[PDB]
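A short reminder: the numbers here are calculations on the coordinates, not readings from a lab. Note that we place each Cβ from the backbone using ideal geometry, even for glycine, and neighbour counts take in every protein chain shown.
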Protein chains: 4
Amino acid sequence: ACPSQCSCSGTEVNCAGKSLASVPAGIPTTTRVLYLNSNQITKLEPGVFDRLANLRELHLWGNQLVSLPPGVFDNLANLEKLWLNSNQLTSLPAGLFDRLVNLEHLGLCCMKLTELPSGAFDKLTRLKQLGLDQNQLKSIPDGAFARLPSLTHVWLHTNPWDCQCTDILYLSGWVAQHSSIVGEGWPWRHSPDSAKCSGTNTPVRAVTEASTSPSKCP
Amino acid sequence: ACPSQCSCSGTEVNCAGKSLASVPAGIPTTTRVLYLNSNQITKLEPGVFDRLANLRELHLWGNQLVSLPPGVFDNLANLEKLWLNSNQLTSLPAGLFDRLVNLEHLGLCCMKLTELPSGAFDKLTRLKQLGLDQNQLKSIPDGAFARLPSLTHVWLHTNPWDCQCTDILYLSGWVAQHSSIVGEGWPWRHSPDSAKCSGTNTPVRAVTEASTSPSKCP
Amino acid sequence: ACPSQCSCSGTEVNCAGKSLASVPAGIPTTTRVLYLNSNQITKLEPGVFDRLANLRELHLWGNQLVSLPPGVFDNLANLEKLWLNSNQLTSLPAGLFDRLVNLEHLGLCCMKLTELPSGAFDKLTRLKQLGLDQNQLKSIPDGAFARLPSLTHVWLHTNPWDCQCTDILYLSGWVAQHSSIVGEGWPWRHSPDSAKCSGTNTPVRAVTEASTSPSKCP
Amino acid sequence: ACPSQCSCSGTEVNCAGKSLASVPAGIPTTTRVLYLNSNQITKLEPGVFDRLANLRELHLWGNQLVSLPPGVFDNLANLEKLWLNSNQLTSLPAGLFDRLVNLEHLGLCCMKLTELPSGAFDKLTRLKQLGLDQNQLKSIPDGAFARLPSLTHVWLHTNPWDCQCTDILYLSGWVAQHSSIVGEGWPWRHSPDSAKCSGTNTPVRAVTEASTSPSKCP
Ligand SMILES: CC(=O)N[C@@H]1[C@@H](O[C@@H]2O[C@H](CO)[C@H](O)[C@H](O)[C@H]2O)[C@@H](O)[C@@H](CO)O[C@@H]1O
Ligand SMILES: CC(=O)N[C@@H]1[C@@H](O[C@@H]2O[C@H](CO)[C@H](O)[C@H](O)[C@H]2O)[C@@H](O)[C@@H](CO)O[C@@H]1O
Ligand SMILES: CC(=O)N[C@@H]1[C@@H](O[C@@H]2O[C@H](CO)[C@H](O)[C@H](O)[C@H]2O)[C@@H](O)[C@@H](CO)O[C@@H]1O
């Protein structure tokens, strides 16, 4: 069992760099590590992974995804690493990650996200590493990181953070307090000022309530 | 806290690419993932990892190691991934890996290994992935892979296999039998003929007893 | 979501000691630890566990199972502990355990096993503990423990080992050499002579070929 | 190697029921599961476990410990189950459990604890099961369970909860809210009214602020 375009042995399936335009059929049920990265996949069918309950790592980075079906990861209860970096997402459905209670690494950089849904990470009690850098994020919803007790590495740089708007105060206070975990590069390197306000290029960590106004919020 | 040159958060310590000449002091005891790769480390003190029992991943690839103290990994009972690729090793001490009973990935490519000690891998019951490519190996000892029952991926290419000598018959037989797991690249791709006789450019797995002679052994 | 008769919280489902005659419906898909022991279950529906792929521990001990459907554990790739002790089995279907590649504890004591299928344990590479005591075993198939390299604990006592028959020599030779792992009790206690010949009270590990004859075998 | 009083194979050491008055010498450094239960151990040397970094399960239950040195569990970073049930502890040093970031079951029942230290469980992010039943507890410190996001099973019965005192209100409000995880027996069975006020036999989760007064707090 192995899609003809891929290499498969043991519990690892390598479909990387194969000019794939869709997720191939015949990925074994027993697969733990799935490389689908660096292809030209433009969409996921709902249910494409329903059958792949055993996955520990899902590598989807460097594809062309423009949206993700709601529920698409819902059977992945064992998933430990989810790499979605360098796709073309502009948003994420609510509840996307709620079933990924064992997730330890989540990569969401280098796309075009304009916001995150309000409860996006609330179930990710084991999450350690979270990559949000290089998107179009202006704010982080209030409380968004409050249920991430295992978090030790985060990436926030290269987002047009809107520091004139009162919405930024959650993040700006959070970064000030969790400043040892804010970084850049791969693997992570400590970089606490790397989250910067749009237009002023000043640190998000240094924004005050005085310098913001409800009137600056869209 | 953290070695001065490195970034540390959670249980991950990143000292990669820091022009290091030795293994820095102050790596916390709780470290699980240690990146020491891409430096200019020339040697390891005996005992350097004795206080790092919690390591799961040890990235030592791309350094200048020429030998390894015997027993240097002996405390690493939880070690799951050991990357020694691209160092300058010409041999491995006997018993080097014997304590590593939970090892799942072992990278030994791209150095100058001229042989393997006879029992090298006997204890690695859980080893899934083994990289031996790009060395100076002419032969594998008889029975060398017999006690690697969990092995699903192996790299053997780019070694001067000496197929005129009768010693090559263990390996040639083994490769023919375990064809499905022999490969190339990162991540692994199926490539069972990548192991070639030096010169004749015949695949190792196609060698017959008839073409070999004990008189051609060094 | 929880069977009415059971208690459920997190990923543990306790249906133990509930006077059940069958496996109840409504066991969540996310269940990792499933207690069905100490009931009056007499049989399993084929497919009963097809949906429970996240199981790590399956406690079926102290029921009244007389047979097991083939393929019944086939979807349990993450299974780590399987406890079938004190049921009423007289045999096991071929390949019953083949998909259980992560299995670390397998209990099969205290039933009515007359034999084991030839390759029963061949895939259980990570098996550490195996309980075969208190059955009706006369011999172990030649080679039956050869593909159990992770094995550190085994129980063999209280079986009518037929020491007149030459088939016992696999076992007797194996025990003599793996003597440190043979034992008794819960948790295990070292007990190398506990496995004894039927009628003679002679330890199985001391049997000689001189006392046995192919003429006394099946 | 094994202590002479005990039985050992693989990574399990069985010193249970051996009339031990102290922790014996010669427990291997590679030990993962250590049974020191049902002995007559009355204290632990500071540093006794410093060398046992690989422990996953520590069974210390049914001895006669009266105190525990602070720092004693500090090197047990991999510890997943800690069983201290049925000793004679009346208090726990502050920070006792702070290094046990991977602990999933903690048994503290059936002793003489008269209080818990304020931040006792603050670091136990993965704690799933916590046994506090059968002690001398009158209240639980404010916020004590707030940093146990993984907690799915708790035992609180058979404690003389002082419901007349305002200090009970954290606990009563907590039990009402987390009612589905409150239980009894082994394995856990659901039993939310099992925690009862002394004298009144009123479930703790049913206490009102009106029935309590800061004047009844000694
Ligand atoms: C997408 C890419 O450029 N490379 C991948 C790595 O990317 C990094 O991810 C972290 C965490 O999400 C962070 O956002 C970095 O800025 C980003 O480069 C990483 O996802 C790995 C996973 O193994 O794959 C690519 O190398
Ligand atoms: C630059 C280098 O050596 N690459 C490392 C990766 O490499 C490969 O390792 C596999 C497994 O042994 C095989 O030998 C390949 O030929 C080799 O390129 C891989 O080990 C990663 C994991 O950290 O490290 C480097 O990237
Ligand atoms: C009576 C019974 O089946 N007890 C179960 C325990 O039994 C021990 O199991 C081991 C290994 O199979 C060995 O066979 C012993 O003889 C037997 O007593 C044990 O399996 C536990 C596991 O949680 O369940 C019952 O207690």
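Given a cut-off of 21 Å, name the pairs among B:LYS138/B:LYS196; C:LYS81/D:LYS128; B:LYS81/B:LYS138; C:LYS112/C:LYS196; A:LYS128/B:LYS81; D:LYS18/D:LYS43 whose C-alpha atoms lie farther apart than that in the structure shown.
B:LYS81/B:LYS138
Based on alpha-carbon centroids, what's the gap between the range A:111-154 and the range B:83-100 in Å, whole number please?
Going from one Cα centre to the other spans 40 Å.
In straight Cα distance, which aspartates and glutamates are under 12 Å from A:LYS216, not counting same-chain residues fewer than 8 positions off?
A:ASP162, A:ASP167
Taking D:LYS216 in one copy and the same position in all the others, each labelled 7 Å out along Cα→Cβ, what are the pairwise distances from the first, in nm, shortest first?
5.3, 7.8, 9.5
Between C:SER191 and the same site in the other copies, what are the distances in nm, shortest first, taking label points 7 Å from Cα along the C-beta direction?
So the distances to the same position in the other copies read 3.2, 5.5, 6.2 nm.
Which chain A residue comes nearest the axis with its C-beta when you rotate A onto D, and by how many angstrom?
Measuring from each Cβ to the axis, the minimum is at A:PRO149, 3.
What is the packing order of peptides C:35-47, A:74-86, taking the mean over residues of other C-beta atoms within 10 Å and listing the highest first?
On the way: C:35-47: 17.4, A:74-86: 20.9.
Ranking, from highest mean packing down: A:74-86, C:35-47.
Quick one: Cα centre-to-centre distance for the range D:1-67 and the range B:201-218, in angstrom?
Their Cα centres are 55 Å away from one another.
Classify the range B:30-149 as rounded, prolate or oblate from the Cα gyration tensor: take a ≥ b ≥ c as the square roots of its eigenvalues, call it rounded if a/c is under 1.5, otherwise prolate when a/b beats b/c and oblate if not.
oblate
By average Cβ neighbour count within 10 Å, what is the ranking of B:167-174, C:152-159, C:141-148 from highest down? Don't skip to the answer; put the middle values down first.
Values: B:167-174: 20.4, C:152-159: 22.0, C:141-148: 15.9.
Descending mean neighbour count gives C:152-159, B:167-174, C:141-148.
Please compute, for peptide A:146-154, the average count of beta-carbon atoms on other protein chains lying within 10 Å of each residue's beta-carbon. Please list the in-between numbers first.
Working: counts 0, 1, 1, 7, 6, 2, 5, 5, 1.
Mean partner shielding for this stretch: 3.
What is the pair-distance distribution P(r) of chain B, computed from all Cα-Cα distances in 10 Å bins starting at 0, with each bin given as a whole percent?
8, 33, 33, 18, 7, 1, 0
Run through the DSSP bridge list for the protein assembly as shown and note the antiparallel percent, rounded to the nearest 5.
Given both bridge residues lie in the protein assembly as shown, the antiparallel proportion sits at roughly 20 percent.
Would you kindly work out, in nm and rounded to one decimal, the distances from the label point of C:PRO93 to those of the same position in each other copy, ordered shortest first, with label points 7 Å along Cα-to-Cβ?
Shortest to longest, the spacings are 3.6, 5.2, 5.5 nm.
How many percent of all Cα-Cα pairs in the range B:147-192 sit more than 12 Å apart? Could you put the intermediate results ahead of the total?
Values: 677 of 1035 pairs.
In whole percent, the share of Cα-Cα pairs in the range B:147-192 beyond 12 Å is 65.
Taking each residue of D:97-106 in turn, how many C-beta atoms of other protein chains fall within 10 Å of its C-beta, and what is the average? Before the final figure, lay out the partial values.
Numbers: counts 0, 0, 2, 0, 4, 0, 0, 0, 0, 0.
For peptide D:97-106, the averaged partner shielding equals 1.
Per DSSP H run of n ≥ 4, the term is -39500 (n - 2.57); total these for chain B, divide by its residue number, and report the mean residue ellipticity at 222 nm rounded to 500 deg cm²/dmol. Don't skip to the answer; put the middle values down first.
On the way: 1 runs with 10 residues, N = 218.
Only helices count here, giving -1500 deg cm²/dmol.
Quick one: of the DSSP bridges fully inside chain C, what percent are antiparallel, nearest 5?
20 percent
Taking θ = phi - 60°, what integer Hz values does the Karplus form 6.51 cos²θ - 1.76 cosθ + 1.60 yield along the range B:97-102, in sequence order, with x for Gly and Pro?
Taking θ as phi minus 60°, the curve returns 9, 4, 7, 7, 5, 9 Hz for the range B:97-102.
Across every pair of different alpha-carbon atoms, what Kirkwood hydrodynamic radius in Å does the protein assembly as shown reach?
30.3 Å
Could you run the Karplus curve 6.51 cos²θ - 1.76 cosθ + 1.60 with θ = phi - 60° over the range D:121-131 and give me ³J(HN,Hα) per residue in whole Hz, x for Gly and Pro?
Calculated HN-Hα couplings, in order: 10, 4, 9, 9, 4, 9, 5, 9, 10, 10, x Hz.
Provide a whole-number value for the mean count of partner chain Cβ atoms within 10 Å of the Cβ atoms in peptide D:184-193.
The mean count of partner-chain Cβ atoms within 10 Å per residue comes to 4.
How far is helix B:168-177 tilted, in degrees, relative to the longest principal axis of the Cα atoms in chain B, given as a value from 0 to 90 rounded to the nearest 10?
Around 80 degrees separate the two axes.
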